[PDB]
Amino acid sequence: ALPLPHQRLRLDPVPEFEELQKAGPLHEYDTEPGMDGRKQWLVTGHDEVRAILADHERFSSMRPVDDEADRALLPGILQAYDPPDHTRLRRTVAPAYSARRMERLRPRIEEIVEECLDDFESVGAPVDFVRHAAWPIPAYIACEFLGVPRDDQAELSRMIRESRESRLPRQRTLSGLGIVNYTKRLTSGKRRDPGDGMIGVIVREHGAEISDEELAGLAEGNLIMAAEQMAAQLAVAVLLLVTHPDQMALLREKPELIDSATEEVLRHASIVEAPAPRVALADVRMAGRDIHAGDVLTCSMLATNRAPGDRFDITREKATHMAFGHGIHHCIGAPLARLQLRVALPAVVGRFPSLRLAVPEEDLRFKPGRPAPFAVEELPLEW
């Protein structure tokens, strides 16, 4: 029974949710299941969402649990920590995402794209864009980013894809363990020998600052996140271009619109519809409502990034979106995400000027964004 902040008509929010938004910025709405020991709050007002995420000190990211020390600790997963642990751990990883270090990666990303678009083009049209382009590209990039040996990348990417979208649970569980197990070896092997990866730079700069188990969970986490998020962001960006062919040719010619378009696909997709629920540590007054210590708030990225009447417009100037969230948890991988879109969208458009949907729009299936990211299951294309 999908909550209102995760319901969509295709890519757009639903009329009932946009109607709820009109009543105010804050709502008595149960988004999370379980409870009702704790009061539920749904946050829809833009300023109010910004304010909660910036106020980590009174709003924690840790999971609301009956007793502490009866929660899964989740080593290496940045969005599950609070300061100071998080302040500590964020500082550890941050170097790997420097503007400098990304620029080094740019050429290998360019290559990965061309190589994947050749394989995509290799199969005759129609081709599913989700399986032969949207998954492999970020998957491979995630492996190069992790310093995964070339001859392993193929297999490891299969497991990443399969652990996230297989119809069968056992297969999901199997591929799931393969990645945990592969990541452990690689992390300890990189402790011995710090190399090209992001595991390498973390050891060479903040080796002692991080425990072995916090490397392994981080590495795995960053690997899966990088892949699945970008698979969804890319597929949706392409779907949006393909169903606005003028907008496409407009970026085709005039390549400099890429940054502007990059923001617009982030805003419009908003593949992350809500960030981790926030838990009140103190009593707080906000927007005429009293929030008590127990209460759990769901921030709606969908309420903030979207409005009734939205048009996909890559020429939008004032993207004030929070697709990457806000505050200390603000996506640490945003520079990689933006780099990928900036490399990838020009390449597809510049290669397939007549890139076209091969089935009717109504035949498209969408993965709900309530678990993980919002996505298209399949994107059949011809050119």
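Numbering starts at 1 and follows the sequence shown.
Higher mean CA temperature factor, per the PDB entry, when comparing 225-233 with 202-210: 202-210. If you average the C-alpha B-factors over 270-278 and over 243-251, the higher value belongs to 243-251. As recorded in the entry, 98 carries the highest CA temperature factor of 163, 98, 305, 157.
Within the selection 144, 264, 128, 256, the deposited Cα B-factor values reach their highest point at 256.
Among the modelled residues of the chain, residue 136 sits in the lowest third by CA temperature factor in this PDB entry. Per the deposited record, the Cα B-factor of residue 357 falls in the lowest third when ranked against the other modelled residues of its chain. Per the deposited record, the Cα B-factor of residue 319 falls in the highest third when ranked against the other modelled residues of its chain. Residue 363: CA B factor in the highest third of modelled residues in this chain (values from the PDB entry). Annotation for residue 187: CA B-factor lies in the middle third of the chain's modelled residues.
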